[PDB]
Amino acid sequence: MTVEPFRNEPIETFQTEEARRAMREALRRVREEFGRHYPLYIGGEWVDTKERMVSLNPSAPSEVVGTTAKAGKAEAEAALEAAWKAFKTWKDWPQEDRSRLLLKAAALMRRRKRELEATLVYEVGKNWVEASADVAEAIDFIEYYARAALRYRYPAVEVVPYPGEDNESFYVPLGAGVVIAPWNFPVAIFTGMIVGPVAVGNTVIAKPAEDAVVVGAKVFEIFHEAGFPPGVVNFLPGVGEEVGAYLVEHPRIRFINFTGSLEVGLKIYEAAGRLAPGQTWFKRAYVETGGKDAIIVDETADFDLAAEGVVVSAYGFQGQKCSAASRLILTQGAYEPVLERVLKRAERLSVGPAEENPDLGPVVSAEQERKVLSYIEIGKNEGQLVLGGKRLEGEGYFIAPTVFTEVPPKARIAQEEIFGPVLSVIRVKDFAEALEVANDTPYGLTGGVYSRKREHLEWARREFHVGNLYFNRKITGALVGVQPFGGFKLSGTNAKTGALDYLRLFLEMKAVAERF
Amino acid sequence: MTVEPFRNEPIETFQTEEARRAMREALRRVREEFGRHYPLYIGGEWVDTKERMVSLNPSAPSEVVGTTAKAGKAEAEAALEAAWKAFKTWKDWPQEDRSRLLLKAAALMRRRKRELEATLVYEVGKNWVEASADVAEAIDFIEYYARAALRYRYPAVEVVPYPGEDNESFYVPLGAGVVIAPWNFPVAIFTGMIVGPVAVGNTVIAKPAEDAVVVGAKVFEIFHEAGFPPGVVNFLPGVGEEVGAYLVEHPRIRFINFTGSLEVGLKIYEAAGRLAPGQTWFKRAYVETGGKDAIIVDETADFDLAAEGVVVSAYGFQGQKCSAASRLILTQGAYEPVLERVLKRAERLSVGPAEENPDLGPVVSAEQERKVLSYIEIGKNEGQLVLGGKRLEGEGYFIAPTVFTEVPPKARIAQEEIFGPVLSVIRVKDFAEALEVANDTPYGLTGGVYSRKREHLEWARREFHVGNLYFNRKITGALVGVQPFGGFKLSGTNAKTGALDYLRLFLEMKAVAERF
Amino acid sequence: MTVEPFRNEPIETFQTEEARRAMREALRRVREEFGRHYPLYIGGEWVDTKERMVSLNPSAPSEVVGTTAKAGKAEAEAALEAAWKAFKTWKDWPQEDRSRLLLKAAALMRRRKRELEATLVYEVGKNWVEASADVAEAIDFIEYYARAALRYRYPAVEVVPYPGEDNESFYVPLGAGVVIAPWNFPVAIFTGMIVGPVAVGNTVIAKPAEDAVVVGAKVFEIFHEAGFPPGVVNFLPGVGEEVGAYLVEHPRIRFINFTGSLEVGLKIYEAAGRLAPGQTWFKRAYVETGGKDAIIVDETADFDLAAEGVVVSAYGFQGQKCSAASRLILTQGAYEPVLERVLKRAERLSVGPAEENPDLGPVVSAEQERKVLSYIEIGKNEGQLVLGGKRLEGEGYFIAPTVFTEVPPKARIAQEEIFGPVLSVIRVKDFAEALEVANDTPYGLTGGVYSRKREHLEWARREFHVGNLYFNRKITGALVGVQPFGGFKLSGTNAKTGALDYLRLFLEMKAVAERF
Ligand SMILES: N[C@@H](CCC(=O)O)C(=O)O
Ligand SMILES: N[C@@H](CCC(=O)O)C(=O)O
Ligand SMILES: N[C@@H](CCC(=O)O)C(=O)O
C-alpha cells in the first residue's frame, strides 16, 4: 500500500463549542445560497436547461433551498455518449492513477464536510448527527473503494500454470452504466454507488433523487474540482421516471446500480433481464430495495440498553432508513419491561425544524407525509395505537414518533415498509417464535437481538435471515469496511456495499494464454 | 490444505496398447449394454415413469443407446420439494465434509473413465480423444471446486475491526436451483454446473440435454454411490421445454445455471428477471450462450503451426463447441499461404462412425444436421464454397469439413453460430482491420492470434474482446484452473468456470456484529 | 480476525481527580458490602453450604470483608460431574462462539474494574496501583486467550499431503480439569488459569486461595453474567487440602493447572504422575512454583535507575510475588553506590492500611506474617540487617521494608523464597561471578541486569538462566502478550502464560485420513 490503512471518518457529535460554531457558520452560508441554480454535469462541464426543478426545505416547505436543471431523454443520450467516449480511455488508466483521483475527491469532500452536512439539514431534514454520519460515510466509501480497487489490479487472478505457456487472467471494467440514487442518504449512497464502479474503470450517469438534487450537485462540484476526465461521471437530475426509464431500458447501458423502493427495484430488475433492440450484452442490475427490520428482545436482556437501541433504530432520521427498526418482537418475559421503557424514552423525543437539531426532523416531502399518515390509518385497524400517530403543528412535515402494540405478525404494518417513524410491537411466546416472526416477511436487510443468553445469540447468527445482524446494539448505521451492507430476499441482490466484494460486481474477467 | 495441490487429469491419447485395449473393452461393454433403461433420480432414489425418452446413436440412428424416464411438472415439483428439504441440512455440513464428498465422487468417476468415454462416443458421437478430454474435464471440475470451496469457509470475509465489537462476515449458500446442461459436453459441463453450486451448500435439480440423457444418468450413478444425501442432487431428463420452463419460472427456484443456445439463454435471463407470484427473492441466472469465434493469422506467423491449430479448433468434435473456430481472419500477406495449408489439412480429415475414432464423427442429431446443411445453403450465396459443403453417405449424420472463403464480415455465416464443421474465411488488409472484424459480432467467447510480432499479440491482449484468448495455439480445450472459461457480450454472463470466482456466484454474504 | 488487534488494558495511575473519586466510590461500595455471603458456583448456579469461610482484611484483621460457602469432597464430586457433563457439548462449540463468550466476560470485567480493584485492596492488601495492575492483567488474559484460541481452530495442523487421500489433523480439548489459584494475583492468575483451558473447549473446577475467596466469587459473578453454559466453570472455595487433594488425585480429573508454593507444586506433580484406580489417561499437570529472583548491577549502570527498579521489584505488593527481586547482586564497583541509593529510597517507603495507597500494605495473613518474621530471624544469623526487619504498630500485618547485606550466596535467605519485603544483598567480584551467583539457586523465574555494557547484557541474554529476564528496568509486572511468563528449574514446568503456546497445553491432536 502507499497510503495509511483505512480508518472510518469520525462522526461529529458537536459536543464542543468549536463544532457548534462551525456548524452554525455552515448553516448560514448554505441558506445564504438558497437562491443558487445548479445545472446538469455532462462531459466535464455544467450544462443548463430551459426547464428547472425546485428543491424545498421539508422543515419549511414554502422555502426554496435551490433549483437545478432538468434532464430529459436528449440530455440522457448526450450523457451516455459522453460516458462511452470517456470509457474508451478511462478504462486504460493505471489503477493507481484512478485510486489517487478518488483519494483527492475524498480530501476535497472532507474539507467541505460542514457545508454538505448543512445542506443535508436544510434539503432533506436530517438533524446534525444524522447529517454528519451521512457525509462521513460518503468519505468512507471513497477512501475504502480507492484502496479496495487496487486488490483487483492487473493481473489479479490466481490460476494454475501449464508447461510451455503463459496463462494470465485479469479483470476489466464493464463500460458505461446508470446510477439511480435515494433521497435518504443523498451524499453517502449517492457517492458510493458512483465511485465504486468508477474506481475500477467504469463510467457513470447518475440520477439523484428529486428531493435531494441540490446536495447531489454539490457532490458533483467536488468531482469536478477533483478532475475526473470529461464523461467519467455525469449528473442528471430529473422529474418522474423519464430519465431513469430511458437509461434502464437503453440497449447501450451496460449496468444499473439502484437503491430505492421495492416497487421500482422490481421493475428495474425485470427490464434489465430483457434484450433491448440492438443490445449486445446481458445487463447487470444491482438493487438494494428496503426492508421490514425487526429487533428481538428476550427476558435475559439489559432492558434499558435494549430500549435505547430500539428508539435510536426506529426513529433515527424519522425512521426513513432501509435499516430502521420498524418491528419490535418481544418474548413474553420481556414484553412489559421493554415496552414501558421504549414508550418512556420515545415520548421524550423532540420533533421540529432539523436545523435546531431535534431528535426528529420532518419527513422528506408532502408525498412521504401522505404515505406515512396513510399507514397510520391502516395501523389503527390492525393494532393498538399507544403513542403518537399524528401530524404535529407547522407547515413542515412533522410526524410524531408512533408506536402500535399487539400487532398481528401478518398485519400490513408488520409486513410493508412504511419508511416513517412508526414502530410495530409484536408479542411472542419464546425465542423460537421470535425468530419465526422475524423471518416471516418478504425482506431480509437488517435485524437485531438484545439478549445475554449466548445460545440465543449464536442461534440468531445462524438463523435470523438478514444480511446485517446486530447483537445488543442499534441495527442502523452500518460502517463502511466494518459491516458489509446488503440484504437477502426482497431487500435486494446482496451487493455488499463497503466491502471488497462490491467492486467485483463491476468487473468481468479475461483469460489470455500464449504458447511459446 | 489436506490434499495434494490441484493438477489436471491427463487426457488419454490412446497411443499405448494398454490404453487401446482398455478402450476397446469399454466400448464393447457399453455397446453390449445398448437398450438399458435409466430412471429419474429424486430424493436419493431412482424413480421411474410411465412415459420414456429414447437416446439414439448419431453414428447409426437406428440404434438405441438407451432409454430414460421422462420427467413432467409433477416430478419437477417433487424434485424441488426434495431439494429444499435437503438444503436445510446440507447447508450446515462443514465445508471440509462437503469437499471430501466431492473428492470421493471424483475418485469414483476416475475409476469409470473408460466407460464414460465410451458412452460419449456412442451417445453424442465424440471420437476417442474428444471423449477422453470431456471426462477428464469433469473430473477436474470436481477436484478443483472441492478445493476452491474451502477458500470460502466460515468466516471468510476480510473486514475492518471496530472497538468493543466482534464483526464477522461470512458466506452462505443460496438454496435450491436448477441446472440446464448442454449436449456437447454432457459429462464435463453437466458435472461442473452441478458440483460447483453443490460444493458450497446449495442443492440442485439437473435437466440433461435430450441427446445426452444416458451419460447424464451414469454421472448420477456416481453421485449416488459417492453418497450425496437425499435431495442434494436430482436428475430430471425430459422432452421439450416443459420441465425447464416450469423450473425457470417457478417462485421457489433460487438460481438457474444454464449453458446452451443464445435463443434459450435470452428467454431464461428474461424470465429470471421477473417476480413470479409469491416469489420472495431476486433470482440469479448464470448463462453461457455460445460464440462466433475467430482465429486471426498475420504474415509473421508460422503458417504450418497456424493451419494445424485452425483445423483442430474448427473441426474438433465436428465444430460443435461454443469455443470452435468458425471464422478465420487472414491479413493480406497470410491469406494465400494459410488458406492453402488449411485446405490441404482439412481435405485429409476422416469422417465416420465415432467408434472407429475418425477425425470427425457425425453431428449430434437429425435436427442439428438439417440446421448445419441449411446454413451451408445460405453460405453458398454469401461466400465462395471451396471445400466440402455436403452430407456424406450413410445413416449417420455425417457432414464433410466445410470451408467458405472471401466471406463478407457481415454475412450470416460470419455472424451466426452454426455449431457444425463450417469455417468462414475472411480476408482483411492488416492487423488493425483483423481486430475490427474479429470484434464485430454479437459474441465474445474465444479467439486466437497466430503471429510472431510481439506488438500484435500484446495489442490483441488489450483489444481482441473475448473472454478466452489464445496466442499461437488452438482456441478450444480450456483447462480447468489454467484458463477460467467464460465470455463477454452475447456469449453470456461471464461466469468463469474452473475458477475461484465461479463459486462466489452461488453464495450470499451475511455480516454479524456483537457489541460486548 | 473479527476484533481489533490485542492491546494491553491500561493500568490506572490515579493521577486525575476523577480516577481518585471513582476509586473512593468503589471502596465505599465494597466495604458497605462486607457483610455479603458468596456461595459455591456449580453447574450454572450458586449453591450454598452449611459451613462457611471467613475472609479478613489484612490491614485490620478484626474486620470481616465477606464470607463464602465451604466446599467438601461431596461438592467437589458434584462439580466434577457437572464439568464432564458440560464438556460433552462445550467441546463442540465453534471456536468463534467460545471466543466471543470470553470477549463478553472481558467487557463485563472491564465495566467492574474499580469494584474488583477495591476488593483486592481490602481483601488482600494491595495498594491502588497494584490492585489496578492485577485487574488489568485479568482482562488481558481474557482478551489475549480469546484471540489466541482462534489460531488453533479446526483444522489447524500443517501436514504433508499424500496421493488419493485427505489427511487432516486437528486439535481437541482434553476434558474437565482443576485449577488451584494463588492469593497474590487472585483476579489476574485466577482468571488466566481458568479461561485459557476453557477458551479451547475444556471445562474447569476452580479452587481459589483461602485468603482471596471473596474476589474470586466476584470474578464468578462475571462468568455467570457472561453466560458460560452450566458446568463449564465451577467455583469451590475451601479450607485446607481436602478439595485440592481430592481433585488432584481423582481418576477422573484430566489436567491440573497450579500456581503456588514449590512445596505444594512438588506434591501435585508427583500425584499427577500416578495412575489412580480406574484412571484411563496420563494426567497433565502444569505448575508455576515461585522463584528466588535476582537483579544484577555492575559498575557501568545508571545507579539511580537501578536503585529505583530494585526498590519497585523488591517491595511492590510487599514482595509477595514469584517475580519479586529478593536478591541484589552487586559487583565490587557498583556495591557502595547502589546500596546507598537503595537504602535511601527504601527508607522513604510508607507502610500502612492498603486503602490509603501506601507504598506497602500489610502482608496477606497472620501465617504469612509469621513466616516472614521467621525468615528475618534466620537472616540475622546469616547476614547483616541494615534496614527494617520488624513488625510495625497496628493489628494489621505491617512489616517494614527489610534489607540484609553481606549475605553469603548459599545462605538460607539467599536460597529460599521468603515471599515478603526482604531483600538480600550479595557482593561479588565481577560480572562473571554475578552470573554464577544469580544462577546458583534451585529456581529460574525472573531476573534482571542493570548495565550499559552491551557485552554484559547479551552475555546475560544467553546465560542468566531464568524464564523472564529484564534489562535496565523492573523485573516484575510481566505484561500479557509482550512477555510470556514462566520459568525454568524449580520455578515450574515453563507453561508460558500470556503466550500462544499456553493454549497448546490444554489440547491433544487427532489425525484422520480418508483414502478415496
Ligand atoms: N447503511 C444504512 C442504511 C442505508 C439505507 O437506508 O439504504 C444503515 O445501515 O443505517
Ligand atoms: N470449454 C470448452 C467449450 C465448452 C462449450 O463448448 O460450451 C472449450 O474450451 O473447448
Ligand atoms: N506475572 C507476575 C508474577 C505473578 C506471580 O507472582 O505468580 C509478574 O511478572 O510480576
Side-chain angles (χ1 to χ4, degrees), chain A residues 511 513, chain B residues 120 124-127 129-131 133-134 137 182-186 188-189 209 259-262 288-297 306-329 342 345-346 349 351 354 358-365 368-369 371-373 375-376 379 387-388 397 399-404 407 412-426 438 441-450 464 466-470 473-479 483 485-492 497:
Chain B
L120 287 173
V124 298
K126 288 200 169 185
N127 66 14
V129 178
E130 288 296 330
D134 191 317
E137 184 176 311
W183 51 260
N184 71 334
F185 285 91
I189 294 180
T259 297
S261 70
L262 174 58
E288 193 260 270
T289 46
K292 189 66 188 182
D293 323 305
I295 288 178
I296 293 174
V297 185
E308 201 282 327
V310 169
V311 169
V312 164
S313 299
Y315 305 116
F317 190 40
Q318 301 76 268
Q320 304 175 117
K321 301 184 182 184
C322 299
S323 56
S326 58
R327 296 185 298 153
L328 177 59
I329 303 171
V342 168
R345 285 178 181 281
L349 297 172
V351 185
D359 291 311
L360 279 78
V363 289
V364 87
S365 66
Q368 278 307 117
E369 180 179 60
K371 292 165 63 179
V372 175
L373 295 176
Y375 267 115
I376 288 173
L387 186 70
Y397 311 122
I399 297 181
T402 300
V403 182
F404 286 96
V407 182
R412 295 188 64 189
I413 58 167
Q415 292 288 312
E416 308 178 14
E417 190 181 44
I418 300 171
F419 227 69
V422 184
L423 180 64
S424 292
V425 186
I426 306 169
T441 81
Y443 298 103
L445 190 47
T446 63
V449 179
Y450 275 86
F464 193 153
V466 293
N468 283 80
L469 182 60
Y470 308 82
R473 54 150 284 174
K474 64 178 182 170
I475 66 172
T476 57
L479 293 173
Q483 294 120 6
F485 190 74
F488 304 147
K489 295 159 61 181
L490 295 187
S491 286
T497 65

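Just so it is clear: chains get the letters A, B, ... in the order the sequence lines come, proteins before strands, and each one is counted from 1.
- Heavy-atom minimum distance, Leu490(B) versus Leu262(B): O-CD1, 3.5 Å.
- Between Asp134(B) and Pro186(B), the shortest heavy-atom contact is OD2-CD, 3.6 Å.
- The CG atom of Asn468(B) sits 8.5 Å away from atom OG of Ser323(B), with the distance rounded to the nearest 0.5 Å.
- Looking only at side-chain heavy atoms (C-beta outward), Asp359(B) and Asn127(B) stay at 4.5 Å or farther from each other.
- Annotation: side chain of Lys292(B) is in contact with side chain of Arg327(B) (closest heavy-atom distance under 4.5 Å).
- Residue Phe485(B) holds its CZ atom at 11.5 Å from CG of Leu479(B), rounded to the nearest 0.5 Å.
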Go through the steps to decide whether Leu328(B) and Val297(B) satisfy the test side-chain contact (heavy atoms from CB on, under 4.5 Å), and finish with yes or no. CA-CA 8 Å; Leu328(B) 177 59; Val297(B) 185; 4.0 Å; yes
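- The CD1 atom of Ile295(B) lies 11.0 Å from the OH atom of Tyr470(B); values are rounded to the nearest 0.5 Å.
- Contact between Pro421(B) and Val372(B) at its shortest, heavy atoms only, is CD-CG1, 4.4 Å.
- The shortest non-hydrogen separation linking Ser491(B) to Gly444(B) is OG-N, 2.9 Å.
- When side chains are defined from C-beta on, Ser326(B) does not count as touching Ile413(B), because their heavy atoms never get closer than 4.5 Å.
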Only pairs under 3.5 Å count here: list side-chain donor-acceptor contacts from residues 306-316 of chain B, not counting sequence neighbours, and write none if there are none.
unit_1    : atom_1 : unit_2    : atom_2 : d
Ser313(B) : OG     : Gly309(B) : O      : 2.8
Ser313(B) : OG     : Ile475(B) : N      : 3.0
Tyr315(B) : OH     : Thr402(B) : O      : 2.8

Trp183(B) and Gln320(B): CA distance, side-chain angles, deciding distance, side-chain contact (heavy atoms from CB on, under 4.5 Å) verdict: CA-CA 10 Å; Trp183(B) 51 260; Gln320(B) 304 175 117; 3.4 Å; yes
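- Distance check: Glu130(B) CD to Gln318(B) CD gives 7.5 Å after rounding to the nearest 0.5 Å.
- Looking at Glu417(B), its side chain does come within 3.5 Å of a backbone N or O of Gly291(B) through a donor-acceptor pair.
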Could you check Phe404(B) against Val422(B) for side-chain contact (heavy atoms from CB on, under 4.5 Å), going step by step and ending with a plain yes or no? CA-CA 8 Å; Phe404(B) 286 96; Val422(B) 184; 3.8 Å; yes
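- Between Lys489(B) and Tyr443(B), the closest side-chain pair of non-hydrogen atoms is not below 4.5 Å.
- The line from CG of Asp293(B) to OG1 of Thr476(B) is 9.5 Å long, rounded to the nearest 0.5 Å.
- At least one donor-acceptor pair under 3.5 Å links the side chain of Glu288(B) to the backbone N or O of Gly290(B).
- Closest non-hydrogen pair, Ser261(B) versus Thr289(B), comes out as O-CG2, 3.7 Å.
- When every heavy atom of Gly388(B) is checked against every heavy atom of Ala400(B), the shortest pair comes out as CA-CB, 4.3 Å.
- For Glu416(B), the salt bridge (charged side-chain N to carboxylate O under 4.0 Å, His left out) partners two or more places apart in sequence, or in a different chain, are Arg412(B).
- Atoms OG1 and CZ, from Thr446(B) and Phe464(B) in turn, are 8.0 Å apart once rounded to the nearest 0.5 Å.
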